[PDB]
Amino acid sequence: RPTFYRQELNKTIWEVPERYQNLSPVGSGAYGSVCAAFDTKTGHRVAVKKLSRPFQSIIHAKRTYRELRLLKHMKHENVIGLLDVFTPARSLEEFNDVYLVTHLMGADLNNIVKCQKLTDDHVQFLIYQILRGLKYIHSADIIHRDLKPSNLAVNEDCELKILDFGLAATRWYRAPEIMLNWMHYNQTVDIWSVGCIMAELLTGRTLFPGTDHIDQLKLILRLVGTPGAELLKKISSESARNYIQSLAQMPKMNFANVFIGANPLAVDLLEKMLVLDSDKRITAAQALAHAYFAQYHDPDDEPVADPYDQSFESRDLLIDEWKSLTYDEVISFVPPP
Ligand SMILES: CC(C)n1c(Nc2ccccc2F)nc2cnc(Oc3c(F)cccc3F)nc21
């Protein structure tokens, strides 16, 4: 066991290995707090996240386990993965804190609206990297479900990694089919969000700034138009069918209009990402093969993930069971070279 030191940072004790120096708060959430630090082993800067109250409840405990399992699996250039995982606990019985370590990027995509705007080449590069990361995640049968600019960590080289949770509205970037319920959807819900993000990078404006879930649907249909019979027939919920139809009727807009100026290949890709019908939306793999990315696409370097076991998601276990499972995963961690 390495030597650990303690430090108070904004009202909580951080207890970390001496290896991590110059802890500097980046920010917080409901699920945890993150400090930048210097890793003396590598001479690289890292992000250290201290989970907030990991075994407060079965929902905290299961989320803690899910986060550790996910982060241990992700091994891709465009997805945040794990450099280290530690606890000051020397046994199961004293295990109440979990810390996770990743490479520090320095900013997120949303705090790149500082830039004033991006050239088409920069949009191509950033969206290419998101889609490359999503290909990999999606291939493990994982769906992000909350992709937004604050979930995309970007360094000064414009390299990008997908985060599970960022600092800091979800609904602005959420797909219409999961706006009211979770009955009929797939991994392309993340593609919708990528479309929304791409639009905002090209435009400097949030595409669909809805004030609530029904206003959100309203703004969405104003762009893509009210659905025809072929989509309405797949909506189970009489409540959802009625909101969609009760707008009035709206023509699909000309994306060449709303995105004039843009590379028409960008516009064409957007029209394929922002398809209302979940079953017809382009996948991450299909999107990477689009001509918009001809400068970056290489099918030989767009890997898929090893098989990921998410059977635990179906399980209803006791806080102590989630906690033991989490502990095993901490003990079994092997750092990358
Ligand atoms: C701040 C937080 C969202 N965060 C995480 N979280 C995290 C997730 C899983 C395991 C360990 C972790 F520390 N890793 C980060 C890497 N890089 C950056 O960069 C920044 C930035 F420095 C300031 C603001 C926005 C960012 F994305 N943020 C990271």
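Going by Swiss-Prot, the residues shown for chain A are 5-172, 184-352, listed in order.
Heads up, the Cβ atoms here are built off N, Cα and C, so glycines get one too.
Quick look at what Swiss-Prot annotates:
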type     : residues                                                             : note
MOD_RES  : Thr16                                                                : phosphothreonine
BINDING  : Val30, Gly31, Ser32, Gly33, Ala34, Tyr35, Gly36, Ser37, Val38, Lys53 : ATP binding site
MOD_RES  : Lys53                                                                : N6-acetyllysine
MOD_RES  : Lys152                                                               : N6-acetyllysine
ACT_SITE : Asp168                                                               : active site, proton acceptor
MOD_RES  : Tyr323                                                               : phosphotyrosine
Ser32 (ATP binding site): which of the recorded positions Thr16, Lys53, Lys152, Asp168, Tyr323 is the nearest Cα neighbour? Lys53
Largest pairwise Cα distance, Å, within the listed ATP binders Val30, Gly31, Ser32, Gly33, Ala34, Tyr35, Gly36, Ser37, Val38, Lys53? 14
Running the recorded positions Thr16, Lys53, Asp168 through a 10 angstrom C-alpha radius around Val38 (ATP binding site) leaves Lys53
I'd like to know which of the recorded positions listed (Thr16, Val30, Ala34, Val38, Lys53, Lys152) lie near ligand 1, counting only a CB under 6 Å away. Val30, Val38, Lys53
Starting from the Cβ of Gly36 (ATP binding site), draw a 10 Å sphere and report how many other Cβ atoms land inside it. 19
For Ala34 (ATP binding site), identify the closest of the recorded positions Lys152, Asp168, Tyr323, judging by Cα separation. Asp168
Are any of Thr16, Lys53, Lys152, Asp168, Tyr323 (the recorded positions) within 10 Å of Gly36 (ATP binding site) when you go C-alpha to C-alpha, and if so which? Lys53
Which one is it: of the recorded positions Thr16, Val30, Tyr323, whose Cα lies the shortest distance from the Cα of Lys53 (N6-acetyllysine)? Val30
Ranked by how many other Cβ atoms lie within 10 Å of their Cβ, the recorded positions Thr16, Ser32 are led by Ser32
Taking the Cα atoms as reference points, how far is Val30 (ATP binding site) from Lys152 (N6-acetyllysine) in Å? 19
Can you give the distance in Å from the Cα of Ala172 to the Cα of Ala184, which flank 11 unmodelled residues? 9
Under a three-state DSSP reduction, the secondary structure at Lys53 (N6-acetyllysine) is strand
Using the centroid of the Cβ atoms of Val30, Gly31, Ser32, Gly33, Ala34, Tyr35, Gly36, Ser37, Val38, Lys53 as reference, list every other same-chain residue with Cβ within 8 Å of it (recorded ATP site), in sequence order. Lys54, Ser56, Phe169, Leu171
With every protein chain in view, how many other Cβ atoms are within 10 Å of the Cβ of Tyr323 (phosphotyrosine)? 15
Here the 10 Å Cβ neighbour count for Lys53 (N6-acetyllysine) comes out at 23
